[PDB]
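Peer 1: Got an experimental structure here, sequence first:
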Amino acid sequence: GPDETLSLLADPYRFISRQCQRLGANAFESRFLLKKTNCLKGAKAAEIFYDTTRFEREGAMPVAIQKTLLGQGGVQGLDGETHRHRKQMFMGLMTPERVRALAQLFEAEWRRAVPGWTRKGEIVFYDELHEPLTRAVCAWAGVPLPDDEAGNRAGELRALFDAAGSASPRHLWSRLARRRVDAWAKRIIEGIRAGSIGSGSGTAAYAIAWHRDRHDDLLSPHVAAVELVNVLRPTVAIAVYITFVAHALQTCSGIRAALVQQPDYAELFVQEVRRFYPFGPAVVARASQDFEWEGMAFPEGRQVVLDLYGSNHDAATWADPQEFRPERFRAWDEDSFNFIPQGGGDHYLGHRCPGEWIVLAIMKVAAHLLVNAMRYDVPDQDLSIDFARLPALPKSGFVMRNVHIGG
Ligand code: HEM
Ligand SMILES: CCCCCCCCCCCCCCCC(=O)O
């Protein structure tokens, strides 16, 4: 079989579902970086992908992703009881009270940033979100962040996710940003352990710095650093979803009115933004033993990818997935496998994103501010979603003019 890495990279979000569509199947065999790969889509496929008796993550992450997006030694690369113990550390951070606290900090940082946006006249909304997110998440996590360093640190965190998948010198910047962010986070962990940094007992950096593994040993400082960055970086990546919130408000008739007057609408709206827009790329695992499924062979060791975007657009589940319709979530049964913008299955027993509560809370803050507080003009621009970009974004980055918050 031919290597299809280039075709995938040219259409990273839609390649799998388009090929599935052509074959009339929810799975097909392909090859990426010269490695045979079964590509899966849909709720039934997601349920098998999350069966940890059939799939493992250890050794499955391509080195280039380790050197940019994720780091090395983090929870994403663990299996079994080692994984579940590490995953508990992240899950303990996500209490309703703590999630609310981060959302409040973010609202405050967004409001603090507005005067600067007004003074600029014209802004690229996406570009402006990374710093307020960085400031909020650092404060929340007990990470000191001097005012004069916040801009630079926000740029480094952005590079980890925004420049990692760029086929350009930007990827090299992502690699340098990873080296810098790991070293910075390690100094934070070291300071906490030495008692020179006074992070609170409820904060992420404290929890991670003092986490004991299954042998009652502290994480090595590098691993602790990577895990701390696994809180900081993806919180900054919410800039992408906030940009999509602004995009939906701009391009979908009736949405703004519904959000303004119907209090229960915001929850439905944020979920539909997660369903509708591409963001999370396909997740990778490896078959842990020989099995067969739906007439497809999964030999032990076979690389397997789960298409999140395609699953979120599966007509069997949604009927009319092509339409942006928040109302559809009134009929959702909260199934753990059929709606998977940040993974499927169970949070404790699998690799599902622990950041979902934070993402939902911050997206609701964004939707609230964009319809009830923040006034802005939207000049003529290319708002179409760039499906060739990782992460995907409106081509313009969502340009605003005349931004103020006295409305
Ligand atoms: C910004 C939008 C986000 C998207 C699109 C996203 C998506 C995902 C996806 C697809 C996975 C992998 C699921 C799997 O491997 O089966 C994941 C895992 C993870 N996410 Fe997120 N996430 C986001 C935000 C967050 C936030 C805000 C946090 C932390 C505060 C976070 C922390 C993590 C961690 C630590 C993992 C690894 C969990 C594990 O391996 O057990 N994510 N995320
Ligand atoms: C060309 C080399 C490929 C590089 C790998 C591309 C990975 C970038 C993916 C961007 C999606 C962003 C989703 C957030 C992920 C996270 O924060 O953990």
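Peer 2: Nice, I can see it. Residues are numbered from 1 along each chain as shown. Ligands and ions are numbered 1, 2, ... in the order given.

Peer 1: Strands of the stretch 301-407 of the chain, start to end?
Peer 2: Under the criterion DSSP state E, counting those that start in this stretch, strands of the stretch 301-407 of the chain are mapped to 303-307, 375-377, 399-404.

Peer 1: and if you look at the stretch 51-200 of the chain?
Peer 2: Under the criterion DSSP E, counting those that start in this stretch, the stretch 51-200 of the chain contains strands at 55-56, 122-124.

Peer 1: that older thread, of all the strands of the stretch 301-407 of the chain, which one comes closest to ligand 2?
Peer 2: Each of these has some distance to ligand 2 by C-beta to the nearest ligand atom; the shortest is strand 303-307, at 12.7 Å. In short, each C-beta sits where N, CA and C put it, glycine included.

Peer 1: mind listing what the closest one pairs with, with the direction of each?
Peer 2: Note on strand 303-307: by DSSP bridges, its sheet partners are strand 35-41 (parallel), strand 283-287 (antiparallel).

Peer 1: contacts for the last one?
Peer 2: Here strand 283-287 makes contact (C-beta atoms under 8 Å, 6 or more residues apart in numbering) with 38, 49, 54-62, 298-306, 308, 343, 351.

Peer 1: follow-up on the earlier one: could you dump the strands of the stretch 301-407 of the chain to a markdown table with mean neighbour count?
Peer 2: Below are those laid out as a markdown table (neighbours: other C-beta atoms under 10 Å):
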| stretch | mean neighbour count |
| --- | --- |
| strand 303-307 | 24 |
| strand 375-377 | 15 |
| strand 399-404 | 17 |
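
Peer 1: Any chance of those strands in a markdown table with distance to residue 212 as columns?
Peer 2: Listed next are the strands of the stretch 301-407 of the chain as a markdown table, based on distance: least, C-beta to C-beta, whole Å:
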| stretch | distance to residue 212 |
| --- | --- |
| strand 303-307 | 32 |
| strand 375-377 | 48 |
| strand 399-404 | 47 |
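
Peer 1: Let's have the strands paired with strand 303-307 in a markdown table, adding distance to residue 154.
Peer 2: Output for the strands paired with strand 303-307, formatted as a markdown table (distance: least, C-beta to C-beta, whole Å):
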| stretch | distance to residue 154 |
| --- | --- |
| strand 35-41 | 35 |
| strand 283-287 | 27 |
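
Peer 1: Might one say that residue 382 is in contact with residue 399?
Peer 2: No: judged on C-beta atoms under 8 Å, residue 382 makes no contact with residue 399 at a distance of 9.5 Å.

Peer 1: Return the distance of the residue in the stretch 101-250 of the chain that ligand 2 sits nearest to relative to residue 9.
Peer 2: Nearest to ligand 2, among the residues of the stretch 101-250 of the chain, is residue 165, at 3.1 Å (C-beta to the nearest ligand atom). Applying C-beta to C-beta, to the nearest Å, one obtains 8 Å for the distance of residue 165 from residue 9.

Peer 1: okay, the two: which has more neighbours?
Peer 2: Between residue 165 and residue 9, counting by other C-beta atoms under 10 Å, residue 165 is the more crowded of the two (19 against 14).

Peer 1: Hmm, residue 391 and that one touching each other?
Peer 2: Yes: counting by C-beta under 8 Å, residue 165 touches residue 391, with 7.5 Å between them.

Peer 1: Any of the contacts of strand 283-287 buried? List them.
Peer 2: With burial judged by 16 or more other C-beta atoms under 10 Å, the buried subset of the contacts of strand 283-287 is 38, 49, 54-57, 60-61, 298, 302-306, 308, 343, 351.

Peer 1: Ligand 1 next: which of those are close?
Peer 2: For ligand 1, the contacts drawn from these by C-beta under 6 Å from any ligand atom are 308, 343, 351.

Peer 1: Save those as CSV, and put in distance to ligand 2 too.
Peer 2: CSV is the format used below for these (distance: C-beta to the nearest ligand atom, whole Å):
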residue, distance to ligand 2
308, 10
343, 11
351, 11
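
Peer 1: Just those: which are in helices?
Peer 2: Counted as lying in helices by DSSP state H, out of these, are residue 308.

Peer 1: Between the ones next to ligand 1 among the buried ones among the contacts of strand 283-287, which sits nearest residue 361?
Peer 2: Of all these, the one with the least separation from residue 361 (C-beta to C-beta) is residue 343, at 17.9 Å.

Peer 1: partners of that closest one in the sheet?
Peer 2: Bridge pairing for residue 343 (DSSP bridges) gives the partners residue 341.

Peer 1: what's the distance between residue 301 and residue 27?
Peer 2: 17 Å.

Peer 1: hmm, I was thinking of residue 401
Peer 2: From residue 401 across to residue 27, the span is 47 Å (C-beta to C-beta).
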